[PDB]
């Protein structure tokens, strides 16, 4: 049971996601489907929405970074986007259905070891998936295995041609959050931004991919108090793989090695050449983004460059 107060905070990217527990994030997600009217426009049985979210919650794992709270941030930031950019004037409700759900489903059953560990260690997932985005294929699988158990099927009133359309949107969105395709997606998105056209099904599909990627690496857009502890979760998880990679003799990535990474190098380059330049492109479509999201990103940036200029000196 949420308050009037909480329900005005739910719609804003300043929302402190650390203050709630699974019970309340679940009610927070459920509020979103009513509030955006998908509940009404696809005839979602409200007890289906509640069980399904409980199966979506159950199938995340206890990992420092990619846990259920991370699922919440992505969907809550995608939530915030829709109000901020008035995405209902631009996007169909089925698209809204695709953005919100995929966000919730995009890291299902994430193991805590990323893509290049599954391939190097030659794991079930990377052999199941042929070295093609092993993790993101699995997420989208577990998403629809849940959806294929009738009790959790928030989709069970939707005509089959309509399922097709959602399932394919969702697949594209989830499969695009793999950071091994960052540059290729960004480049085709600016290949359509040169003259963007909202009636074009291919311009819109690239906007949804840019949208979900944004919400997925959006931890720094949040105010400093919310954003900062999420760095330690990330490093705790990255040291966990680089710790394990060395015990087995697999290679290690320098940004993941604890002999190399400090909190500041961890975020400087990432903010400067992924977050800002992406959110810079979206700002061309929705100019309000520069105020609300680019400005936090800038401030975190100056700060984290400065923290680095502190530690360099300590090392002297």
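Positions refer to the first chain, counted from 1.
Set 194-202 against 110-118 and average the Cα temperature factors; 194-202 ends up higher.
For the pair 266-274 and 246-254, the mean Cα B-factor is higher in 246-254. Across 225, 178, 187, 216, the greatest Cα temperature factor reported in the deposited entry is at 225. The top Cα temperature factor in the record, among 95, 136, 232, 131, falls on 232. Sort the chain's modelled residues by C-alpha temperature factor and residue 83 lands in the highest third, per the entry.
Sorting the modelled residues of the chain by their CA temperature factor places residue 241 in the highest third.
Split the chain's modelled residues into thirds by C-alpha temperature factor. Residue 31 is in the middle one.
Annotation for residue 149: CA B-factor lies in the highest third of the chain's modelled residues. The deposited CA B-factor of residue 46 belongs to the lowest third of values across its chain.
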